[PDB]
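As structure tokens, one chain now follows by itself in the form deposited in one PDB entry.
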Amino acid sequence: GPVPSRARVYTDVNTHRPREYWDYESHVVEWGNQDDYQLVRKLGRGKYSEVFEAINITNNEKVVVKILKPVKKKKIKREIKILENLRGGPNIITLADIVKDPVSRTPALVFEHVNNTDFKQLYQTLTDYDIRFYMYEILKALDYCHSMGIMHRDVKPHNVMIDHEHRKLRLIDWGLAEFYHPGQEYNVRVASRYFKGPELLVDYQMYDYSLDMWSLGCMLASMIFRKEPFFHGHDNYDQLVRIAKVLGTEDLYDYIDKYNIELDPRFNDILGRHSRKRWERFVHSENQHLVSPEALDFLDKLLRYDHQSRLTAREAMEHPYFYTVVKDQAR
């Protein structure tokens, strides 16, 4: 069958932890008092939850309440445990409280309020410096969570809150995140289509932190090239075709060979034969102000088929793309 794989970094971080850290099935939830919060207005809804601005009446603080739609106890425990383990880390959203919603007997997560600038509207205003700065801020959250033995597995613009006035960023929605254990076969049916790594699309289960770095590369491409989404597949199969038309089919088949991956036969007559394209075909008069040699070198080193060859978060932070930002933060 397939060749096994291990994270290059932070490989054994959870093995050295007490069992309780990662064994979320055993976690005992510390409930709080629902009557401390009053809902103010609805912010949005998804498959998994509805989100409200709210107020803590005991201190008149603004907070956000995420009312969970019914999922397994295990899934709720995993998100809670991860949020608690990561709490206080750089640019990690703060979980303030957990309450049992009386209406449905449903749990509600209570988060710190971030004054988020419009995500669709924000992108239209971002300069070259802003993209570098916010990318660096996301990398601080990813290096932290990876170093803590956790893969996010759903990195995308919707899950990055930006309070632009305060140059403040938070990585949110830890509902798909998981603990990394060497040898563990993970569920490939994760993340948003446009951000799925090749490992997911070819059904390679022994993946790791490096998944997040593919998703990040997809974000970077969409920002510097003004192309949202960058890899626009019609479904999961066509998503790999879209990637192959850019990264080329030679490297794809090399990856499949290296890991002895069994390719779904549906791929066979759709992948075809594609050259690896130069990034320069995506540069044009309206985006060129966002694109540098540095940006393209960095992007190239995130967007690799082989999960093992992508930059780590910590390596990415040392790339020349960030030298100006690093200098500015020291001062």
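Numbering starts at 1 and runs along the sequence shown. Basically, rigid core = biggest C-alpha set you can superpose within 1.5 Å across the two forms.
The following text describes the form deposited with a partner chain bound, which does not appear among the structures shown.
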{"query": "Candidate stretches 153-161, 136-144, 248-256, 216-224 - the one whose heavy atoms come within 4.5 Å of the partner chain in the bound PDB entry", "finding": "153-161"}
{"query": "Partner contact for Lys77 in the bound PDB entry: the partner chain, 4.5 angstroms, heavy atom", "finding": "no"}
{"query": "Proximity of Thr125 to the partner chain in the bound PDB entry, heavy atoms at 4.5 Å", "finding": "no"}
{"query": "The partner chain contact at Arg170 in the bound PDB entry, heavy atom, 4.5 Å", "finding": "no"}
{"query": "Non-hydrogen atom contact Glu294 with the partner chain in the bound PDB entry at 4.5 angstroms", "finding": "no"}
{"query": "Position in contact with the partner chain when the complex is considered in the bound PDB entry, options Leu83, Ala191, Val241, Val202, heavy atoms within 4.5 Å", "finding": "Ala191"}
{"query": "Contact residue in the bound PDB entry, from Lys277, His289, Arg266, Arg273 (heavy atom within 4.5 Å of the partner chain)", "finding": "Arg266"}
{"query": "Complete contact of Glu178, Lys196 and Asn260 with the partner chain in the bound PDB entry (any heavy atom, 4.5 Å)", "finding": "yes"}
{"query": "Sole member of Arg266, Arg278, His289, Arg273 with a C-alpha shift of at least 2 Å between the shown form and the other one (core-superposed)", "finding": "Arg266"}
{"query": "Core-aligned C-alpha movement of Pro102 between the shown form and the other one reaching 2 Å", "finding": "yes"}
